[PDB]
Amino acid sequence: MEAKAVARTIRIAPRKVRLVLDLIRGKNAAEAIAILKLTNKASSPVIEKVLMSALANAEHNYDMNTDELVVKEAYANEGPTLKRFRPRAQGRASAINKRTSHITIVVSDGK
Amino acid sequence: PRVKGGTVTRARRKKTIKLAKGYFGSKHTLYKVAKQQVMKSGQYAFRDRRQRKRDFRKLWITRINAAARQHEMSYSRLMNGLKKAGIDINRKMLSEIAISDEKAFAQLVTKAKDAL
Amino acid sequence: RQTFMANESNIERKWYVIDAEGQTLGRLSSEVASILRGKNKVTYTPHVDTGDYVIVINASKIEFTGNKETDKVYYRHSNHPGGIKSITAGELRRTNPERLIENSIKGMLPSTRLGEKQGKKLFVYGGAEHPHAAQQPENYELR
Amino acid sequence: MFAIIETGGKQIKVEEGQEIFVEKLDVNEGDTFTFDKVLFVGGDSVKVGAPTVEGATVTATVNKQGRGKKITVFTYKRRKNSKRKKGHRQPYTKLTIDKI
Amino acid sequence: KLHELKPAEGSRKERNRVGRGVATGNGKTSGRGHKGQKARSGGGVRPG
RNA sequence: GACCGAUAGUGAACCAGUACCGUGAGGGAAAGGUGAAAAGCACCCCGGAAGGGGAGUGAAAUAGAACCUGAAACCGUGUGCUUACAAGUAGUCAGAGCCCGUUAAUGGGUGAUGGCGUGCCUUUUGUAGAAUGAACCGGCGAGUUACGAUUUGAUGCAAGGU
RNA sequence: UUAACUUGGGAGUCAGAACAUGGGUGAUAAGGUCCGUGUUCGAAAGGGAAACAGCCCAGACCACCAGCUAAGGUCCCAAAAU
RNA sequence: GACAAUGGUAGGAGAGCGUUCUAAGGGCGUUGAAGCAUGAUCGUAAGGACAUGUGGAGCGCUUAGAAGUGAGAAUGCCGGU
Ligand SMILES: [Mg+2]
């Protein structure tokens, strides 16, 4: 029996997120809280704040213990961009794609 | 009345892509790239139905030649006598006799030497 | 329909040792490059490894007719600029007679994904002994 | 034993209890067919061996008559406007061998 | 009746639409040939 | 109305000659759809908040204002077969070994090894061409109508037709 | 042996190329250029000439895991005579 | 049932599939249409069905009529990546 907590349209990029989500997949949930609190990147407290919602929606309202939980799948899809420009030299202008992302953490308990 | 371009550019560009599954990379996804590989994979097959018939004959002759040399006779001495000693009908797919029953293949070699 | 295709566990490949003394170089290497491809047997198919392991002893007494001992040369290159190196078939008999036969045979073998595996069924020795007595060969009277 | 029959302009090595592709004959299903032209009949001990040997006939029994798989025939030529496209289903006849 | 009408036999005819294929013949050049004056849109010289 | 149905029909179904460009005359796009009825998510829980997951309204929220159906390109996560001694317009025909079980028919996926094999148009006496064109996917995008002329096919009468 | 003239409807083409063989021009030079007759490419796949529109054999209605032959070939790569 | 033909670019002639709309006859549809998605099916070709899933109200078939009637390329035009 398994829970999830999806955060969507977070301001950060979708390729810089899934380096950190690659790192904690298939690991115990007691460690993976404290790996995201030692890495010095920019998407670590954002992923951390949504992992601590799949660990509170698995203890509340399903009533399963948070000592056995394991991260089954954790994947970052893609949300809509925000096309803003940048005035570049000789009368030109280049398009800058600020991308956003969807983050989904799914915990499990081996059953 | 305005004929809108309907659902015929869906279906016509599926039944080419669905013929082309199993190809590398983008040759199974895009239309234009998997189209013009389907036109060549029905052209290569047309000269490979004609070539299959004559490259299984470059194999049956190889087995017969590797059967008469152990009875100390050439191949060209073997499909000489069996047109001339007997009227043993011209067959090379039936080099299956030489593989299966060596005792059966020996009496033909007896009849070829007998009237040549 | 009714054809036969010999595969990885439908054949055996037994051993041959051939005395390579008293006979010329490219008249020998045709009754070796056909043993390695397996054209002495029925149940020959393409695309698999039939054939027989061939051992060659007395590499020191192969022959040449005419001035091939002085006017047959073996050019090789080295991919640096100005690197072609020459070696003749009179100094190759005396120095390294194990290579001389081993390139007289591997020029007669097919397209080189399987013709690399067919060529490595061939053991070329210089003297009259061989350490492959544990594999039970026999003498092959080649024509 | 075995025997060699000649059916559709080509020769088939057949033994017993065996099912075959043969190109089209003129029989309905459930019938019985007879090959009056056999070539090399006999296994190891049984031998005749002859040019179109006489006396021995081989029977059959038809299981179904139908059509093979559709073989789409395409042919184009480059730089030009030439193309063709066809499709073909060669009709066969399946037998079952009862006696030599 | 009116739910079943047949024209006169041999009276009617299809019409040739050019440029709409490659195997219909009249395609990729519409039955004019290659370059020239009278293969241009509105070319062809005055009669006589 | 044998006229269009949101790249269509007005430039304009949205508060259009309006954002915006120009000193000026002047140029000028983008926009539509919850449900039958707002009954538009009370209350608990992680959160600074966003955004979530339960409980609830509803025929269905896998219709929650990014709101009907939701294609391809392109980015992902999972798994049956496979690949680290080989020179590949990437396919084709011959074929072992492995995992499966359909609209039931001499089946499907994968592919160790062998043979043949220098993309598609356009212009050329002749293009693999190191001659031209396309990044990819999706829409839109070219022999039409009028009044005459001539020949062919049909049909009504026919020294008369209209 | 099986075409050919006549009357009317509809277009295309007017840049040609190598090889063989009679000659001009050039230097008994060019894969040169300009004319006469024939073939192939143009608009033609297939086997051969190692690769190669024009050279040599031969004109593909589609299917078959049958057969006899042409140009060219028979030790091995590569089918057939060490 | 005999004997015959069937490579083909410019180009001439013939025969067909499909798409939107209208008229007439018949018919399926909330016990679920169109559209989309997967499949090992049928015809000489373009193309036709049928079987579960998603979808939520309109659509095919036989004969004839009329066309804004078919997209791989125009350094094509707007949108997405
Ligand atoms: Mg290049």
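Residues numbered from 1 in each chain as written, not as in the entry; some residues may be left out. Chains lettered and ligands numbered in written order. Part of a larger assembly, values for the part shown. Heavy atoms only, no water. Residues with missing side-chain atoms left out of burial classes, pairs and counts.

Structure determination for this entry is recorded as cryo-EM, at 3.6 Å resolution.

Looking at the PDB entry, one finds chain E named 50S ribosomal protein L15 and attributed to Staphylococcus aureus.

If you look chain C up in the PDB entry, it shows as 50S ribosomal protein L13 from Staphylococcus aureus. Recorded under Function (unreviewed entry), the UniProt text for chain C is reproduced unchanged: "This protein is one of the early assembly proteins of the 50S ribosomal subunit, although it is not seen to bind rRNA by itself. It is important during the early stages of 50S assembly." The Sequence similarities (unreviewed entry) field of the UniProt record for chain C holds the comment "Belongs to the universal ribosomal protein uL13 family." (UniProt positions renumbered as here; feature names shortened; annotations may be inferred.)

**Q** Teacher, can you tell me more about the overall build of chain E here?
**A** Counting its regular elements, chain E contains 0 helices and 0 strands. For chain E, the spread of C-alpha atoms along the principal axes amounts to about 55 × 30 × 15 Å. Per element, the accessible surface of chain E, about 5200 Å² overall, is 46% carbon and sulfur. (Helix = DSSP H or I, 4+ residues; strand = E, 2+ residues; numbered from the N terminus. Areas by Shrake-Rupley, 256 points an atom, 1.4 Å probe, with all protein chains shown as cover.)

**Q** What should I look at first to understand the sheet that holds strand β2 (residues 53-57) of chain C in this one?
**A** The strands making up a sheet associate through hydrogen bonds between their backbones, and the pairing can be parallel or antiparallel. All names here are of chain C. Pairing is parallel in the open sheet, where 3 strands are placed in the order β1-β2-β3. The open sheet has two edge strands with one neighbour each: β1 (15-19) and β3 (122-124). Adjacent strand axes in the sheet meet at a mean angle of 15 degrees, parallel and antiparallel pairs treated alike. Note: β1 against β2, 5 bridges, orientation parallel. Considered in β2, the bridge of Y16 is made with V54. (Pairing = 2+ DSSP bridges. Axes fitted to C-alpha atoms, helices over the stretch in contact; angles between N-to-C directions.)

**Q** Is there a simple way to think about the arrangement of the chains in this case?
**A** The top pair by number of contacts, from a total of 4 pairs of chains in contact, is chains B and D. Note that chain A does not reach chain B: the shortest distance linking a C-alpha of one to a C-alpha of the other is 21 Å. The closest approach of any C-alpha atom in chain A to one in chain E is 40 Å; the two make no contact. (Contact = heavy atoms within 4.5 Å.)

**Q** Teacher, can you tell me more about a positive patch on the surface here?
**A** A surface patch of positive charge is lined by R50(B), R52(B), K53(B), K77(D), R84(D) and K86(D). For the positive patch, the secondary structure elements donating two or more residues are α4 (52-55) of chain B together with β7 (83-86) of chain D. Residue placement: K53(B) occurs in helix α4. On the accessibility criterion, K53(B) (58% relative accessible area) is exposed. (Patch = residues over 30% accessible without salt bridge, like charges linked within 9 Å, V, L, I, M, F, W, Y side chains within 5 Å. Salt bridge = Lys/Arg side-chain N within 4 Å of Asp/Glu carboxyl O. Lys, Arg positive; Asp, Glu negative; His and termini not counted. Charge placed at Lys NZ, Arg CZ, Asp CG, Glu CD. Buried < 20%, exposed > 50% of the residue type's maximum accessible area, 1.4 Å probe, protein only.)

**Q** Looking at this model, I keep getting lost on the protein's contact with RNA strand G. Mind explaining?
**A** Neighbouring RNA strand G are 45 residues, the closest being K53(B), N65(B), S76(B), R37(C) and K39(C). When the atoms of RNA strand G within 4 Å of the protein are sorted by group, sugar and phosphate make up 81%. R1(C) places a polar main-chain atom, nitrogen or oxygen, 3.4 Å from a base nitrogen of RNA strand G. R32(E) places a main-chain nitrogen or oxygen 3.3 Å from a phosphate oxygen of RNA strand G. (Near = heavy atom within 4 Å. Polar contact = N/O pair within 3.5 Å; in protein donor to acceptor, adjacent residues only side chain to side chain.)

**Q** So what exactly am I meant to see when it comes to the interface of chain B and chain D here?
**A** Quite often, the size of an interface is put as the accessible area lost when its parts meet. Contacts between the two partners involve 22 residues from chain B, matched on the other side by 20 residues from chain D. Along the contact surface separating chain B from chain D lie 0 salt bridges. Viewed at the interface, chain D and chain B are joined by 2 residue pairs in polar contact. At the level of secondary structure, the elements contributing two or more residues to the side of chain B that touches chain D comprise α3 (46-50), α7 (96-100) and α8 (102-114) of chain B.

**Q** Teacher, can you tell me more about the protein's contact with RNA strand H here?
**A** Taken together, the neighbourhood of RNA strand H is formed by 35 residues, with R12(B), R13(B), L5(E), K13(E) and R20(E) sitting nearest. A share of 71% of the atoms of RNA strand H within 4 Å of the protein falls on sugar and phosphate groups. Between RNA strand H and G33(E) there is a distance of 2.9 Å, counted from a phosphate oxygen to a backbone nitrogen or oxygen. Of all the secondary structure elements, the ones that give two or more residues to the surface near RNA strand H are α1 (8-11) and α2 (31-38) of chain B. The biggest single contributor to the surface near RNA strand H is α2(B), with 4 residues.

**Q** Whenever I open this one, the nonpolar core confuses me. Can you help?
**A** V17(A), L21(A), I47(A), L51(A), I103(A), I105(A) and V107(A) are the most contacted members of the largest nonpolar core, which totals 25 residues. Looking at this core, the elements with two or more residues in it are β1 (3-10), α1 (29-33), α2 (44-54), β2 (70-87) and β3 (93-108) of chain A. In contact with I105(A), other than residues within four places in its own chain, are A3(A), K4(A), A5(A), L21(A), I47(A), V50(A), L51(A), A54(A), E73(A) and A74(A). In terms of nonpolar packing, the next biggest core, distinct from the first, is built from 23 residues, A59(C), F64(C), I105(C) and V124(C) among them. (Core = buried A, V, L, I, M, F, W, Y, C linked by side-chain atoms within 4.5 Å.)

**Q** Would you explain helix α5 (residues 57-68) of chain B in this entry?
**A** Residue and element names in this part refer to chain B. An ideal rise of 1.5 Å per residue puts 16 Å on 12 residues; α5 measures up with 17 Å between its terminal C-alpha atoms. By the burial criterion, the buried members of α5 are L59, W60, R63, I64, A66, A67 and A68. Buried residues in α5 make contact with α4, α6 (78-84), α7 and α8. (Expected span 1.5 Å × (residues − 1).)

**Q** I'm lost on the pattern of salt bridges in this one. Help?
**A** Pairing between side chains of opposite charge can happen when their charged atoms approach one another. All chains considered together, the criterion is met by 8 salt bridges over all chains. Between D49(C) and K121(C) there is a salt bridge whose closest N-O contact spans 2.5 Å. Of this pair, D49(C) sits in the loop between α1 (30-33) and β2 while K121(C) sits in the loop between α5 (115-119) and β3, and the two are 72 residues apart along the sequence. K121(C) carries the same exposure label as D49(C), and that label is buried. Between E6(D) and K37(D) there is a salt bridge, and its shortest N-O distance comes to 3.6 Å. Pair noted here: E6(D) is in strand β1 (residues 3-6) and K37(D) is in the loop between β4 (32-35) and β5 (58-61), with a separation of 31 residues, a long-range link.

**Q** What's the story with unusual backbone geometry in this structure? I'm lost.
**A** Apart from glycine, the bulk of residues carry a negative phi angle, and the bulk of peptide bonds sit in the trans form. Residues and elements named next belong to chain C. If you check the backbone angles, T43 has positive phi at about 55 degrees while not being a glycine. Mapped onto the fold, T43 is located in the loop between α1 and β2. At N58, a position not held by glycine, the phi torsion is positive, near 55 degrees. Tracing the backbone shows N58 in the loop between β2 and α2 (68-71). When its relative accessible area of 13% is taken as the criterion, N58 is described as buried.

**Q** Would you mind showing me how to read the side chain of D109(A) here?
**A** Residue and element names in this part refer to chain A. Structurally, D109 can be placed in the segment after β3. At a separation of 3.3 Å, a polar atom in the side chain of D109 contacts the main-chain amide nitrogen of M1. Sequence-distant contacts of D109, defined by excluding residues within four places in its chain, comprise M1, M64, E68 and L69.

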